[PDB]
């Protein structure tokens, strides 16, 4: 067939019940994740091709960058709780990987302030139990699929994208193949 288990995707031997329809994992420390988000715009191109009624979820992971890595998982929870993902994703990626000006929790906070989130609003969220449960959700989702590397994308807790089985000579074409594959897996 054109889409083959083991080639564009793999099937989890241990399916995860009640998993989000499309679930992407990343880390702000992850160089390929920077490419995915900043250069390739994977999340955005998948979304444009997803059928109606399927929502997209994106979670941060703890297993890169040590203490700051965990701070970033908590900051991403804040991002989700306030609904400001599209305001802080670029400066967080550039702050960690490009300018390397993010070295502490306070530096992370500065990014949100610069993005227009009020200090008190950030701080209240950071310390909130709603954010603690968001952090838990992120950890649980990664745990459910034995996650050990990023970037990663899962469809219906049953299938895992396998971008290594794709030509990368043209970045445009890789992205649309990636996106067309998620749609195919979505319709399975």
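Residue numbers count along the first chain shown, from 1.
Two stretches are in play, 156-164 and 58-66, and the higher mean C-alpha B-factor belongs to 156-164. Taking only CA atoms, the mean B-factor in the PDB entry is higher for 7-15 than for the other of 7-15 and 171-179. Out of 140, 49, 132, 32, it is 49 whose C-alpha atom has the highest B-factor in the PDB entry. For residue 119, the recorded CA B-factor ranks within the middle third of the chain. Only modelled residues enter the ranking. Sort the modelled residues of the chain by CA B factor and residue 27 lands in the lowest third. Annotation for residue 149: C-alpha temperature factor in the middle third relative to the rest of the modelled chain, per the entry.
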